[PDB]
Amino acid sequence: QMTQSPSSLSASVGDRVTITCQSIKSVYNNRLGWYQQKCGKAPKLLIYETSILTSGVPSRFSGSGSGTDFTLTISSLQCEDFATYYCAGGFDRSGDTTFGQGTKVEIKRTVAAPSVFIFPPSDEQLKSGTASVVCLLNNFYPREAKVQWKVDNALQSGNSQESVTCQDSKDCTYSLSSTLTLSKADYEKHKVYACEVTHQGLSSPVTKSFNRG
Amino acid sequence: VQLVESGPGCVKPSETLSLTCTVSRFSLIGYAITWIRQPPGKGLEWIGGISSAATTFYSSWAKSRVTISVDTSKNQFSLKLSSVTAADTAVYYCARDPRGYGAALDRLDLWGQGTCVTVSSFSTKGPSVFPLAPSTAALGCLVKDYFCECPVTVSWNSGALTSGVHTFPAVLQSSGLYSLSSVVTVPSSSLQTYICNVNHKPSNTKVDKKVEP
């Protein structure tokens, strides 16, 4: 209901960034707070009453503004600051209170090549009629990465899905998991299972493979 | 956890959603409790609140379909949402205002970690847990073929192993069921014990799976 700006931003480690929050009505008794929400976690109160930091929040965070215009400043952007930030305002005492739309903060860092691991289907899963082969790309930057599956050096398509973690709080990297799904018969029909990774941090595509058995 | 949230997880349309937020520890504070929800990929939406005087406030959209109450003998706050539809699918949070304000969002200093609610016609299904066995090194667990998405819980060594753990977002498979992976990187000295504890509450599925070389 309140307007935040920008919708998303990016900067490097150590940069100073600002997020703006604007409302139509003036804030009542400085009731303006800033929350930080990391992936899969509840929002966390960073600043309350416009400019007061909650205990434990690094002094790199600061809040300013008045009336209808407020600012959250991060003076030395760190990897652990990757989150969506929300302002929240109260305008009277009867129920006129709301959140801003949120501002995503991404952090740019140096290129980092992923560590590739591969996992064959477990025997427990092979007891059923399905087989899942997992390829893990660990701690890479930037997010862009190509994962291709090869079964007896035949390229697969439409039978794999991937999921990516959010930027890591310590090293700003992403991790990715790609799962290839086959039937038990198709899995037992072939020998070499490989996953090839294309990323900026690698001089050439990196393939991890295994032989069934 | 200080604000323990409980809910059914997966609900069918037109049912009544009943959620609880239990204060797990004693606090000499005369606090208020506010209910907020977050649809997937969206922002925070105020549902309502209850003050230290038990004064109960409702947002405009919620006043005709939500009831908020408190059971002081259990320190347990209740939210009931009637005639749910798929539009009510969201993560539901409770949060504490330490000033005792029931209609304020600017100073929510303590949050529950949220309870997922998926409103759909599709049947609940418990997942299968398979080991991603190592060939540093990496191991993990594959939680496959479940519905609805969350509340799902994945811990390692019952909470002891946290460093280097990447639990990936769940992907919706072409079968209409969700799959998730949780990996951890460890030194190549693996002897020691690596068990993953997965808990799919909507299906009452509690599985402790040991991952071995």
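Residues numbered from 1 in each chain as written, not as in the entry; some residues may be left out. Chains lettered and ligands numbered in written order. Heavy atoms only, no water. Residues with missing side-chain atoms left out of burial classes, pairs and counts.

Some thoughts on the pairing of strand β5 (residues 44-48) of chain A
All names here are of chain A. Using the following cut-off: Remark: exposure states derive from per-residue accessible area (1.4 Å probe, protein chains only) relative to the maximum for the residue type, with buried under 20%, exposed over 50%, and partly exposed in between. A run of DSSP states H or I qualifies as a helix once it reaches four residues; a run of E qualifies as a strand once it reaches two. Both are numbered from the N-terminal end. When DSSP finds two or more bridges between a pair of strands, those strands are recorded as paired.
β5 sits mainly inside the fold: four of its five residues count as buried. When strand β4 (residues 32-37) meets β5, the two strands line up antiparallel, connected through three bridges. Directly across from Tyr 35, in β5, lies its bridge partner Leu 45. The hairpin formed by β4 and β5 contains six residues between the paired strands, and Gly 40 there has a positive phi angle of roughly 70°. Direction of pairing for β5 relative to strand β6 (residues 52-53): antiparallel, over a ladder of two bridges. Across the sheet, residue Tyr 48 finds its bridge partner in β6, namely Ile 52. Taking the residues that link successive antiparallel strands as the turn, the β5-β6 hairpin has three residues, and the phi of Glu 49 there is positive, at about 50°.

Here's the deal with the interface of chain B and chain A
Here is the rule we go by: Should any heavy atoms of two residues lie within 4.5 Å, those residues are considered in contact. Buried area counts how much accessible surface, traced with a 1.4 Å probe, disappears from two parts once they are put together, with both parts' losses summed. In what follows, salt bridge is the name for a side-chain nitrogen of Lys or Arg lying within 4 Å of a carboxyl oxygen of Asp or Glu. Classification convention: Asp, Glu, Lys, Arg as charged; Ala, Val, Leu, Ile, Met, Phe, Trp, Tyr, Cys, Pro as nonpolar; all other residues, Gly among them, as polar.
Residue-level contacts link 45 residues of chain B with 43 residues of chain A. Together, the buried faces of chain B and chain A total about 3,500 Å²; carbon and sulfur atoms form 61% of this surface. Where chain B meets chain A, there are two salt bridges. Across the pair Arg 99 of chain B and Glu 49 of chain A runs a salt bridge, and its minimum N-O distance is 3.9 Å. Among the elements of the structure, β4 (32-38), β5 (45-50), β12 (128-132), β13 (137-146), β15 (165-167), β16 (171-172) and β17 (178-186) of chain B are those that each provide at least two residues to the side of chain B that touches chain A. The element best represented in the side of chain B that touches chain A is β13 of chain B, accounting for five residues. Taken together, the residues of the side of chain B that touches chain A sort by class into 26 nonpolar, 11 polar and eight charged.

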